[PDB]
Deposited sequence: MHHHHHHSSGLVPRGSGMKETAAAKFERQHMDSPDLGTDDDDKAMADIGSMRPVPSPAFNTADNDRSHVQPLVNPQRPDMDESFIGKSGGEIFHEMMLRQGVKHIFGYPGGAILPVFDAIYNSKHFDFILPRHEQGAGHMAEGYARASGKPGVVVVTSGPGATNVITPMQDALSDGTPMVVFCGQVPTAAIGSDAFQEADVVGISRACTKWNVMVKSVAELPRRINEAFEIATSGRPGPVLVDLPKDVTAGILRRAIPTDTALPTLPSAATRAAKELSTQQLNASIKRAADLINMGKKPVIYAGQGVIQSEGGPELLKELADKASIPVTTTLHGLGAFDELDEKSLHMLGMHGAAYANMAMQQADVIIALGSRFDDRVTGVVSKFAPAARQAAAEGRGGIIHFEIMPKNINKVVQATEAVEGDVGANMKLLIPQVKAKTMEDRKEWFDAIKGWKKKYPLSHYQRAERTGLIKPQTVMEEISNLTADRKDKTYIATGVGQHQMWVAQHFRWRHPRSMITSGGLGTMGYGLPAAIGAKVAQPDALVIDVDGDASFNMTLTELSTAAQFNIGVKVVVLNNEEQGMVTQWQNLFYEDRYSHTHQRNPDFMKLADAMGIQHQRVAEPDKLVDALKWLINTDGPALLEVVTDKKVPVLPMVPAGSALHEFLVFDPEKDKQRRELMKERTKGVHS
């Protein structure tokens, strides 16, 4: 029975609970209904408060802070438009399993925007706090739900009269057996397999000790490892067993491995549609091996309702992937590269047949090169380097041509795919990792969505580095329009603002590079700059992201780059567009 809250207001109690929860940073924006909380946190020493230009920036900043730190991002906003503005961040956090706690002012309880109802389908949980006494309880509930199981966003409603009111009174197995049985069935299934593969996702990064255990099992039994977009960095991409990223824009060899493997080991990962291609043509070899009782698909998942949602698991290992790997690594029998000479020989053949470094290459900077060079210039510091991206081609290229070695280095919007996520998430990651190098690799359209937040980085002296790729197009959509609609480019081009005058207007140091010789010096300038800075890279237009497995394709039915296709495509487009492209 607690009594250290009598005589304090709900805002003052809320201030105490942030301390008890270890909240060191809060992102938010005031308004009428949330004003009692802003009075309580006035000139606080418990945490730093970041005031953005827009609540959507507050929301994405909290996401990047969580992605970089594994701590929950915390947001405080007012009722009405304050809350509706954080819906895209919340839905985004929900889609990508990012822990977030969002507090909203509400009108007084007596007087009934339906913030709670509007947000049911876009949060992991939400609650309206109906009395000042409930306040420590709900706040604790909210923080644990947001971080338990699959982490997610939680919305807490703060009625003004609750936060302004004053507290007067004092306020308050045999499944394990079947788990071990499932672990044993999986080890048998791994050992039995001759063509195994690890398919690792963000669940590994979000489990304590996860990447290390990933390394162990993959080393001991010499199993090749591929990851999703969110799994990037859960395994050293320089390791010889690395297959890199699979899926819609994965490496053609990672796609080959998955399509021909007979034992697939799914760690984290929810088998998203941008990973599997058409699901009835996905993992044929592992599916036959399931039917021939000689292999299949193993799926380590912490959420019961996520299992067999998309693909049927041969054996399902329910619970924390890190803990369950500690009971599976024993029961797996070691192997060597020599053991799987035949398997790795096909893998290594695929790597030479389809290298990620085989893309058209002078005069106009190539966007893949920018990612190669950012990778090169930071190779000596990848344990202290974080990348935030927008959404589009640039997002895929940096997945492809950047070598991920550090877990949580990839800060990107995957499930929802929110353009504009990049810059705010970078700002939040750099608040989380002040002594790290945080780069926002951004396409100009994604960047045009939220570029008002440069002012947040200037006002607070947050040293993010921004690379804007300037191709004057919605690149990902032009690709699709070239592919499926014969170069009819419908509303996919924008006039950019002068990014150099813009960075100047915002109080951000800046340079612009357009000549491929000077590209590396420019990038070197950006990294070694002190305080926030922006580099504008003028790139080539109409550059496809390959490999791509398009809509309706199996996963092995990917397209890849051939210089005769690239010559032919651009000249068909030059004629269709009548010289404009």
property: Missing residue ranges, deposited sequence indexing starting at 1; result: 1-79, 192-198, 259-275, 465-467, 688
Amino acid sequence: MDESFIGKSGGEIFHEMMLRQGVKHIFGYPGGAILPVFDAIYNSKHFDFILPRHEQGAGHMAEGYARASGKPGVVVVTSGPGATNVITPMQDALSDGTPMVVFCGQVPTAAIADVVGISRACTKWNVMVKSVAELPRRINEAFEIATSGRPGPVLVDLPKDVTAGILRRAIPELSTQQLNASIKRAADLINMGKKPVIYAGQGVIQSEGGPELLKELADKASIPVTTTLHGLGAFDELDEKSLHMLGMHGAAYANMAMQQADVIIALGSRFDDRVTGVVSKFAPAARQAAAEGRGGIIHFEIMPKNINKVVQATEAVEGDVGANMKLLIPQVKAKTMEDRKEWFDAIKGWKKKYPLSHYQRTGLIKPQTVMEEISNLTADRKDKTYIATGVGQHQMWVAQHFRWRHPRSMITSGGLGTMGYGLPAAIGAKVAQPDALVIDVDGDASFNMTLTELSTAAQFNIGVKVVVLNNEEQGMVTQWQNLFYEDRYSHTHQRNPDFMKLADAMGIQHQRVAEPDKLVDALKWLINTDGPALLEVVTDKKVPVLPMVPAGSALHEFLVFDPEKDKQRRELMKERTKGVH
From here on, numbers count along this sequence of modelled residues.
property: Given 412-420 and 257-265, the range whose Cα B-factors average higher in the PDB entry; result: 257-265
property: Of 25-33 and 527-535, the stretch whose C-alpha atoms average the higher B-factor in the entry; result: 527-535
property: Residue with highest C-alpha B-factor in the PDB entry, from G296, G82, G463, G392; result: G296
property: Top residue by Cα temperature factor, when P151, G443, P136, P330 are compared in the entry; result: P330
property: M573, C-alpha B-factor rank within chain (lowest, middle or highest third); result: highest
property: Ranked C-alpha temperature factor of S375 among modelled chain residues, by third; result: middle
property: CA B-factor placement of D273, once the chain's modelled residues are sorted into thirds; result: middle
property: Chain third (lowest, middle, highest) by recorded CA B-factor, residue given as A200; result: middle
property: Modelled-residue ranking by C-alpha temperature factor, third containing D39; result: lowest
